[PDB]
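Trainee: Chains as they are written, first to last, in the deposited numbering: chain B, 1033 to 1156, 1177 to 1202; chain F, 3 to 251, 257 to 271, 278 to 391, 408 to 486, 523 to 599.
Below is a structure I'd like to ask you about.
Rendered as structure tokens:
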């Protein structure tokens, strides 16, 4: 029960030059928001969404993949805990998606996930990192939609 | 004094055919130029400065009061990142070279223009090929900006000075083979935006294409450093009156070469006073020119001038001597020279010297004569009426020569202008203060810029940190610098280090040494009770 105090050093943990510290801070804040619901928690979650959105344009592909693979369930839990953030998250997701839409078309692939736009989700191996990131984005959006609709 | 201008711009990151970037080749060329200049027994008084393409507080790396060690250390760690701001960098270099000029007495602008007060400086401005940028687009004019002029700079109207040459290196090395090796002894020009700026000062602009051509241009550049006396010649107005041994028809008219004023500081007298008619009451002084517009006329006019006049040997560098060699170097004859732009009250030019050659017919001696020699050389109330045609302040230096004979003059009429003396000490004090402020903050960078500027798109004030290069984490002192992988082993190490109670404990885990490990430096802090008497 003494985990809420960790919020007081969650932003300080974000402003770190190491990507692992930032990912861990984002995940810890995600769990704290899915556990505790406070206006301060909402402010820290908004700051985390902002610092995640500003890190999309200052990271290379090899770092973008490793930074945005674990941190998408964090956005899912942020949506589950804070309704008013929905739009922002969606916008953010869209941006990231479009970035991936430009990363897959750059180099030739083996599965070609571009034509898979007209596909549906099926309830419920070794691939390309960009294709894996696209699939992770799609899956997290599906979970967000299923949580908000139900 | 040599001020190397290495841009270190982002365009200097392209790799040559040898495997190194243009910046590495430029640094190697600078080092070989150093080791070549060290061969001549005259590199014990020169001083090296460095100028890069950075902000005004960060452009200068090593300036005044900086030895060779810090200069080499700054040139070693040069990083090529930034735009090609050639104009601002050239302006900063010229302002740095003109910091200690208004305080020592050089270019006083009130007492003639003494050519024996020299401050030589050579700029190399090693930059890329072309396509310079100014954060908005790509310009093709290379105009120097004028935003903050130095106090006392409106009297020259030009950034460069009497002795400031500008050579250039473009380093146009191909990337595949650089197989262009047809002409062996031939160094063409670069033909770029820096070529006119270099030709205006008086130095050419080399076009490096191969490492052999680079070595050739560096070996040809070391022979172009001497006392800086650059004067401009014009053909007007004689219509090429060289009818001595042939008929004239030419390009050897606007000669802007230098002159070697070797000392025997330099010793000399009779300077070129000015180009205007100075009045007794003039609050504003007309701006001088860095290159004097002096013109010569081809007339014999008794070239034999023998007297007890103090002798001068300002040797002229041969650049346009073909026109003189076409006339057999004018044996036992000379031609007068005169400065234009209202040298007197009402007349166009006054002959004050000639260009008589030596007996060996090697170069031009540049015999500098008084303001009007053919009258005072050959008192019946004559000198009192003759001293009215010469400029007033000009009575200063000539009287010193009269000191060799007597002293008929005095300080009664030794006054230039009542308004020229005013507003001069304040300008000198301002220039000294500016030079002190520039030399103070020359090496202390103090950037302190590490932030990501997280935008919204704790609010409006957050900024993620960046990777620090020279962080030096304290593993034994700070517990946050210990990662999770090597935590238990490091914990036991810290425990054993704290429970050892040794002498001279430290907080560094493993600090081997720095980049340099000198033998004498380590051997000096020791004691050896031995002398090897046997």
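Think of the CB as a built atom: it goes at the ideal place given N, C-alpha and C, for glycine as much as any other residue.
1. So, does the region 283 to 291 of chain F touch the region 349 to 361 of chain F, judging by three or more C-beta pairs under 8 angstroms?
2. Under the three-state reduction of DSSP, which class applies to residue 402/F: helix, strand or coil?
3. List, in order along the chain, the chain F residues whose C-beta lies closer than 8 angstroms to that of residue 1075/B?
4. If you count every other CB in all the chains shown that lies within 10 Å of the CB of residue 253/F, and 16 or more means buried, which is it?
5. Report the rounded CA-to-CA distance for residue 265/F versus residue 476/F, giving the unit in angstroms.
6. DSSP on residue 455/F, reduced to helix/strand/coil?
7. Would you say residue 539/F lies against chain B (beta-carbon separation less than 8 angstroms)?
8. Between 1077/B, 1131/B, 1128/B, 1099/B, which has its C-alpha nearest residue 1109/B's C-alpha?
9. Return the CA-CA distance between residue 1120/B and residue 1197/B, expressed in angstroms with no decimal places.
10. Inspect the CB distances between the region 1129 to 1146 of chain B and the region 1056 to 1064 of chain B and report whether three or more fall short of 8 angstroms.
11. Around the Cβ of residue 1149/B, are there at least 16 other Cβ atoms within 10 angstroms (buried) or fewer (exposed)?
12. In terms of residues, what are the limits of the beta strand (DSSP E) holding residue 365/F?
13. With distances taken from CA atoms, which of 23/F, 59/F, 26/F, 55/F is nearest residue 471/F?
14. Around the C-beta of residue 1151/B, are 16 or more other C-beta atoms found within 10 angstroms, so that it is buried, or is it exposed?
15. Strictly under 8 angstroms for the Cβ-Cβ distance: is residue 1086/B near chain F by that measure?
16. What would DSSP say about residue 64/F, mapped onto helix, strand or coil?
17. Start and end of the beta strand (DSSP E) containing residue 162/F?
18. How would you list, in chain order, the residues of chain F whose beta-carbon sits under 9 angstroms from the beta-carbon of residue 1083/B?
19. In whole angstroms, what separates the C-alpha of residue 40/F from that of residue 244/F?
20. What residue range does the alpha helix (DSSP H) around residue 220/F cover?
21. Reducing DSSP to helix, strand and coil, say where residue 234/F ends up.
22. So for residue 24/F, helix, strand or coil by DSSP?
23. Do the region 125 to 137 of chain F and the region 78 to 95 of chain F meet, that is, are 3 or more Cβ pairs less than 8 angstroms apart?
24. Look up residue 120/F in the DSSP assignment and say whether it is helix, strand or coil.
25. Name the chain B residues whose beta carbon is nearer than 9 angstroms to that of residue 533/F?
26. Does the structure place the region 204 to 216 of chain F close enough to the region 100 to 107 of chain F that three or more beta carbon pairs sit under 8 angstroms?
27. In whole angstroms, give me the CA-to-CA distance for residue 1113/B and residue 556/F.
28. DSSP state of residue 2/F, grouped into three classes?
29. What residue from 128/F, 113/F, 26/F has the CA that sits closest to residue 443/F's CA?
30. Less than 8 angstroms between the CB atoms is what I'm expecting for residue 383/F and residue 310/F, so what's the real figure, rounded?
31. Given this structure, state the Cα-to-Cα distance separating residue 1047/B from residue 1040/B, to the nearest angstrom.
32. If the cut is a Cβ gap below 9 angstroms, which residues of chain B does residue 478/F touch?
33. Looking at the strands, I want to know which residues DSSP matches up with residue 50/F.
34. Name, please, each residue of chain B whose Cβ falls closer than 8 angstroms to the Cβ of residue 486/F.
35. Please list, in chain order, the chain F residues whose beta carbon lies closer than 8 angstroms to that of residue 1043/B.
36. At the 8 angstroms Cβ level, is residue 1079/B part of the contact set with chain F, yes or no?
Mentor: Considering the structure as presented:
1. yes
2. Here residue 402/F is not present, the numbering of chain F passing from 391 to 408 in one jump.
3. Working through the first chain from its first residue, we reach residue 1075/B at position 43. 523, 524, listed in chain order.
4. Within chain F, residue numbering steps from 251 directly to 257, and residue 253/F belongs to the interval with no atoms modelled.
5. In the second chain, residue 265/F corresponds to position 258, counting from 1. In the second chain, residue 476/F corresponds to position 447, counting from 1. If I take the Cα positions, the gap works out to 42 angstroms.
6. The residue given as residue 455/F occupies position 426 in the second chain. Of the three classes helix, strand and coil, the one that applies to residue 455/F here is helix, per DSSP.
7. Working through the second chain from its first residue, we reach residue 539/F at position 474. Not an interface residue.
8. Within the first chain, numbered from 1, the residue matching residue 1109/B stands at position 77. The shortest C-alpha to C-alpha distance from residue 1109/B to any of 1077/B, 1131/B, 1128/B, 1099/B is the one to 1077/B.
9. Within the first chain, the letter at position 88 stands for residue 1120/B. Within the first chain, the letter at position 145 stands for residue 1197/B. Approximately 15 angstroms, taken between the alpha carbons.
10. no
11. Stepping through the first chain from its first residue, residue 1149/B is reached at position 117. When all chains shown are included, residue 1149/B counts as exposed.
12. Within the second chain, the letter at position 352 stands for residue 365/F. First-last of the beta strand (DSSP E) with residue 365/F: 363 to 367.
13. Along the second chain, read from residue 1 onward, the residue named residue 471/F stands at position 442. Nearest C-alpha to residue 471/F: 59/F.
14. The residue given as residue 1151/B occupies position 119 in the first chain. Residue 1151/B is exposed by the Cβ-count criterion.
15. The sequence position of residue 1086/B within the first chain is 54, counting from 1. Judged by the 8 angstroms Cβ criterion, residue 1086/B is in contact with chain F.
16. Looking up residue 64/F in the second chain gives position 62. Three-state result, residue 64/F: strand.
17. What you label residue 162/F is simply residue 160 of the second chain in a count that begins at 1. Element bounds for residue 162/F: n/a, residue is neither H nor E.
18. Your numbering for residue 1083/B matches position 51 in the first chain. Taking the beta carbon of residue 1083/B as reference, the chain F residues within 9 angstroms of it are 481, 483, 527, 529, listed in sequence order.
19. In the second chain, counting from the first residue as 1, residue 40/F sits at position 38. In the second chain, counting from the first residue as 1, residue 244/F sits at position 242. Whole-angstrom Cα-Cα distance: 44 angstroms.
20. Taking the second chain and counting its residues from 1, the one referred to as residue 220/F is at position 218. Element bounds for residue 220/F: 213 to 223.
21. For the purposes of this step, residue 234/F is identified with residue 232 of the second chain, where counting begins at 1. Here residue 234/F sits in strand by DSSP.
22. On the second chain, residue 24/F is found 22 positions in, with the first residue counted as 1. Residue state, collapsed to three classes: helix.
23. yes
24. Here residue 120/F is taken as the residue at index 118 of the second chain, counted from 1. Annotated three-state conformation of residue 120/F is coil, per DSSP.
25. On the second chain, residue 533/F is found 468 positions in, with the first residue counted as 1. Under a criterion of Cβ atoms nearer than 9 angstroms, the residues of chain B adjacent to residue 533/F are, in order, 1049.
26. no
27. Position 81 of the first chain, counting from 1, holds the residue named residue 1113/B. Position 491 of the second chain, counting from 1, holds the residue named residue 556/F. Distance between the alpha carbons of residue 1113/B and residue 556/F is about 39 angstroms.
28. The structure shown has nothing for residue 2/F, since chain F only spans 3 to 599.
29. As a working note, residue 443/F is residue 414 in the second chain. Nearest option by C-alpha distance: 113/F.
30. As a first step, residue 383/F must be located in the second chain, where it is residue number 370. As a first step, residue 310/F must be located in the second chain, where it is residue number 297. The pair is not a contact, with the Cβ atoms about 17 angstroms apart (cut-off 8 angstroms).
31. Here residue 1047/B is taken as the residue at index 15 of the first chain, counted from 1. Here residue 1040/B is taken as the residue at index 8 of the first chain, counted from 1. Between residue 1047/B and residue 1040/B, the C-alpha separation is close to 13 angstroms.
32. For this step, residue 478/F is matched to residue 449 along the second chain. Going along chain B, no residue has its Cβ under 9 angstroms from residue 478/F, so there is no contact; the nearest lies around 14 angstroms.
33. Position 48 of the second chain holds residue 50/F. Partner(s): 4/F.
34. One-based indexing of the second chain puts residue 486/F at position 457. Those within 8 angstroms of residue 486/F in chain B are 1082, 1085, 1086.
35. On the first chain, residue 1043/B is found 11 positions in, with the first residue counted as 1. Per Cβ cutoff of 8 angstroms: 523, 527.
36. Residue numbering aside, residue 1079/B sits at position 47 when the first chain is read from its first letter. Yes - at least one Cβ of chain F is within 8 angstroms of the one on residue 1079/B.
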